[PDB]
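> Sequence and experimental coordinates follow.
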Amino acid sequence: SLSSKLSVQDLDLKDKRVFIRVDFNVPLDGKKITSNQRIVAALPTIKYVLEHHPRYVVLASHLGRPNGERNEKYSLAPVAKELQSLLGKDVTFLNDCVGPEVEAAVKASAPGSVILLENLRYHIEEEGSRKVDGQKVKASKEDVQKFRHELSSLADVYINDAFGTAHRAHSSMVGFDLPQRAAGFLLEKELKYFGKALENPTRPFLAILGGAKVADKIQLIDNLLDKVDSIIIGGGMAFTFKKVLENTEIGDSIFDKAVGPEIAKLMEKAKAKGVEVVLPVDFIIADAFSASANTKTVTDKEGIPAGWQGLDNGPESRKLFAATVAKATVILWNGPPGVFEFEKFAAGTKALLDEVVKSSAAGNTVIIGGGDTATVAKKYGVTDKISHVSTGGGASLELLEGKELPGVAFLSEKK
Ligand SMILES: Nc1ncnc2c1ncn2[C@@H]1O[C@H](COP(=O)(O)OP(=O)(O)OP(=O)(O)O)[C@@H](O)[C@H]1O
Ligand SMILES: [Mg+2]
């Protein structure tokens, strides 16, 4: 989608004014912020800048869905605490926009770090349309125009360091008129890690995608679909169908009805574009979809207990996966090998997970991140992760995919 060499650790600052759109979203107990994972990242940019000696340092919010009621408190007082503790320099939380008080505060107290906003000022969104159900309405133009003007209001250089403004727009990624587009190391890492497989990386581009089911499932497919190294490990029932015939025929009949043409089709292009897509042949299937009463065999035999096929990546599947796994190429992993969360029908899967991460070094760098996999990662244990956990399980992917990426576009290379 682009993101060549935007900018990082490039901004010189120096008695300059810095506004940072970070990753400030956490649980919601009292204040007791359950999880500091998101906050930790902020630190490289946050600290570097925090002290460099600008004069500013406004680090924006973003965590919650102030649905029905208004701007409702449940702000970020505790977080400041988190910030204060880490920094030990003093963090002040004011307004996400203005407040006569707002313009005043930033200016007043020399160098500091101010965390303000989120999506309280229904202005960082685009109101919950569809009439009936929940009140208010989408739409809105200039009013937003003012908010944006107001927001930039006290800045110099704006640094995005979250996977938000790369699909949509939303506050902290647009309005912030005035040049200077600086992207935290985090953004930088993705683009770079993420960015190149995209370029001309020799080390093949060896591609690992588990489980069937599409959604952009399908969406996922086309973009992942174009690349470099023609190695994709995708496990689908029809493909199986497409590939041969009988497996599908007794197995059953239908996968993703649309997916059937598209899949055979995309798949074809894939051969042409690169070469090889690696599927099962050995699968394990059990009475229901759940996790109980299970059978593992290779290939042929399905029907009643099914109508799509078996489920989790089994022995055969494991090896091949592992098999390709061992073989340079970069390794990108989206969703579960399958149903990785229903033990029994989530074993081989870990098996795959291990080499990739392990390899990262050996083999080659590993970029896997999302939601489903994320779980996979946490449960198995990233432990060295060695590549990319591309948070924005979804956002990244589309992103991953090659689309333009909105937030990202805003970024150029400082200037
Ligand atoms: N062979 C399979 N047997 C059973 N369930 C499967 C199988 N393959 C895939 N699934 C389902 O597909 C999911 C795999 O993850 P999925 O394909 O949804 O990843 P993704 O689309 O890249 O990311 P996501 O889960 O956030 O947004 C499993 O969690 C499971 O619900
Ligand atoms: Mg999911």
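It's in. Numbering: from 1, shown residues only. Ligands and ions are numbered 1, 2, ... in the order given.
> Can you tell me, leaving aside adjacent residues, what's nearest to residue 24?
residue 61 (4.9 Å; Cβ to Cβ, 6 or more residues apart in numbering). To be clear about C-beta, it is placed using only N, CA and C from the backbone, and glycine gets the same treatment.
> OK, contacts around that neighbour?
When contacts are counted by Cβ atoms under 8 Å, 6 or more residues apart in numbering, residue 61 touches 24, 76, 96, 115, 116, 117, 118, 119, 120.
> Could you check how far it is from ligand 1?
Computed with Cβ to the nearest ligand atom, to the nearest Å, the distance linking residue 61 and ligand 1 is 25 Å.
> One more: residue 306?
11 Å.
> and that residue, what are its phi and psi?
Torsion angles at residue 306 (phi, psi; degrees, to the nearest 10) stand at phi 160, psi -150.
> Also residue 315?
Backbone torsions of residue 315, given as degrees, to the nearest 10, read phi -60, psi -50.
> how many neighbours does it have?
Residue 315: 15 surrounding residues under other Cβ atoms under 10 Å.
> Kindly provide the distance from it to residue 143.
Applying Cβ to Cβ, to the nearest Å, the value for residue 315 to residue 143 is 60 Å.
> Residue 2 now?
For residue 2, the distance to residue 143 (Cβ to Cβ) stands at 31 Å.
> Please see if the host helix or strand of residue 263 touches ligand 1.
If you go by DSSP states H and E, residue 263 is part of helix 259-273. No. Applying Cβ under 6 Å from any ligand atom, one finds helix 259-273 separated from ligand 1 by no less than 12.2 Å.
> contacting residues around that helix?
214, 217-218, 221-222, 225-227, 230, 232, 236, 238-239, 241-242, 254-256, 277.
> Contacts only, for residue 15.
By Cβ under 8 Å, 6+ apart, the contact set of residue 15 is 53, 54, 55.
> Around ligand 1, which positions in the stretch 101-250 of the chain sit nearby?
211, 212, 213, 217, 220, 235.
> Can you report phi and psi for the residue of the stretch 301-415 of the chain found nearest ligand 1?
With Cβ to the nearest ligand atom as the measure, residue 335 is the residue of the stretch 301-415 of the chain nearest to ligand 1, at 1.5 Å. The phi/psi pair for residue 335 (degrees, to the nearest 10) reads phi -80, psi 180.
> Now do the contacts for the nearest residue in space to residue 28 that is not next to it in sequence.
The shortest distance from residue 28 to any non-neighbouring residue, by Cβ to Cβ, 6+ apart, is to residue 74 (6.5 Å). Residues in contact with residue 74 (Cβ under 8 Å, 6+ apart) are 28, 64, 66.
> element containing the residue nearest to residue 159 when sequence neighbours are not counted, please.
Nearest non-adjacent residue to residue 159, counting by Cβ to Cβ, 6+ apart: residue 182, 4.0 Å away. If you go by DSSP H and E, residue 182 is part of strand 181-183.
> Skip ahead from that strand and say which helix or strand is next.
helix 185-197.
> Among the contacts of residue 61, name the buried ones.
Neighbour counting by 16 or more other Cβ atoms under 10 Å classes 24, 76, 96, 115, 116, 117, 118, 119, 120 among the contacts of residue 61 as buried.
> residues near the nearest residue to the last one once chain neighbours are set aside, how many?
Okay, so that is residue 120. The spatially closest residue to residue 120, leaving aside those adjacent along the chain, is residue 71, at 4.6 Å (Cβ to Cβ, 6+ apart). For residue 71, the neighbour count with other Cβ under 10 Å is 13.
> ditto for residue 290
Neighbour count for residue 290, taken as other Cβ under 10 Å: 13.
> what do you get for residue 101?
Look at residue 101: counted by other Cβ under 10 Å, it has 10 neighbours.
> tell me which element it is part of?
Using DSSP H and E, residue 101 sits within helix 100-108.
> need the contact list for residue 306.
Counted by Cβ under 8 Å, 6+ apart, residue 306 has contacts 251, 252, 285.
> can you redo those as JSON lines with distance to residue 40?
Shown next, in JSON lines, are those (distance: Cβ to Cβ, whole Å):
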{"residue": "251", "distance to residue 40": "47"}
{"residue": "252", "distance to residue 40": "47"}
{"residue": "285", "distance to residue 40": "42"}
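> Where do the strands of the stretch 251-400 of the chain begin and end?
For the stretch 251-400 of the chain, the strands defined by DSSP state E, counting those that start in this stretch occupy 276-277, 282-285, 295-298, 330-333, 366-368, 387-388.
> and residue 200, which of the ones you listed is closest to it?
Among the strands of the stretch 251-400 of the chain, strand 330-333 comes nearest to residue 200, with 12.1 Å by Cβ to Cβ.
> returning to what we had before: tabulate the contacts of residue 306 (JSON lines), appending neighbour count and distance to ligand 2.
Listed next are the contacts of residue 306 as JSON lines, based on neighbours: other Cβ atoms under 10 Å; distance: Cβ to the ion, whole Å:
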{"residue": "251", "neighbour count": "24", "distance to ligand 2": "25"}
{"residue": "252", "neighbour count": "17", "distance to ligand 2": "25"}
{"residue": "285", "neighbour count": "22", "distance to ligand 2": "22"}
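> Quick check: the two most widely separated of the buried ones among the contacts of residue 61?
Top of the distance list for those (Cβ to Cβ): 115 and 119, 13.8 Å.
> Which of the three states applies to residue 239?
helix (DSSP: H, G, I helix; E, B strand; the rest coil).
> Now it: closest residue in space that isn't a chain neighbour?
Leaving aside its chain neighbours, residue 239 sits nearest to residue 279 (5.5 Å; criterion: Cβ to Cβ, 6+ apart).
> cool, residue 35 as well?
residue 26 (5.7 Å).
> for residue 278, same thing?
For residue 278, ignoring the flanking residues on the chain, the nearest one in space by Cβ to Cβ, 6+ apart is residue 233 at 4.4 Å.
> Would you confirm that the one you found belongs to a strand?
Yes. According to three-state DSSP, residue 233 belongs to a strand.
> Name all residues that make contact with residue 83.
So residue 83 contacts 39, 59, 91, 113, 115 (Cβ under 8 Å, 6+ apart).
> Name the surrounding residues that touch stretch 212-228.
Contacts of stretch 212-228 (Cβ under 8 Å, 6+ apart): 197-198, 200-201, 204-205, 207, 209, 232, 234-237, 255-256, 258-259, 262-263, 266, 269-270, 273-274, 308-309, 332, 334, 338, 397-398, 400-403.
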